[PDB]
Structures are given as structure tokens and as C-alpha cells.
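Trainee: Here it is, the structure, as C-alpha cells.
Numbering (this note's numbering), first residue to last: 804 to 853.
So, in C-alpha cells, the structure goes:
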């Protein structure tokens with residue numbers, strides 16, 4: 804009685820979200836990585852001078 808299931812089966816795997824979050828992490832990660840590559844050009848002055 805303490806433990807019970809709504810249904811024997813489970814909704815479609817497609818409907819379920821495999822990813823832990825879907826805020827936009829994948830997009831954010833790509834933008835951050837791309838920005839870092841570009842950042843080096845802007846950081847060149849500081850980078851050259853220890």
C-alpha cells in the first residue's frame with residue numbers, strides 16, 4: 804500500500820527527457836566554447852604580457 808504505480812507500463816521514451824536539463828545548456832556550451840576561441844584574439848595583448 805505504501806508503494807504503488809499509476810500504470811504497469813510507462814509513457815514513450817521519446818516523450819521522456821533523457822537530458823537532465825533543457826534550459827539551453829547545449830546551446831550555451833557551444834556559445835561559451837566558441838567565445839573562448841574568439842576571446843584569445845582579444846586576450847592577445849594581455850596574453851603576450853605576463
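Ideal Cβ positions, reconstructed from N, Cα and C, are used throughout, including at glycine.
Going by DSSP in three states, residue 845 sits in which element: helix, strand or coil?
Mentor: Residue 845: helix per DSSP, three-state reduction.
Trainee: Just how far apart, CA to CA, sit residue 819 and residue 827?
Mentor: One C-alpha to the other measures close to 17 Å.
Trainee: For residue 824, does the three-state DSSP call read helix, strand or coil?
Mentor: Coil at residue 824, not helix or strand.
Trainee: Leaving out the 5 sequence neighbours to the left and right, which residues in its chain are closer than 6 Å to residue 844 when beta-carbon positions are compared?
Mentor: None.
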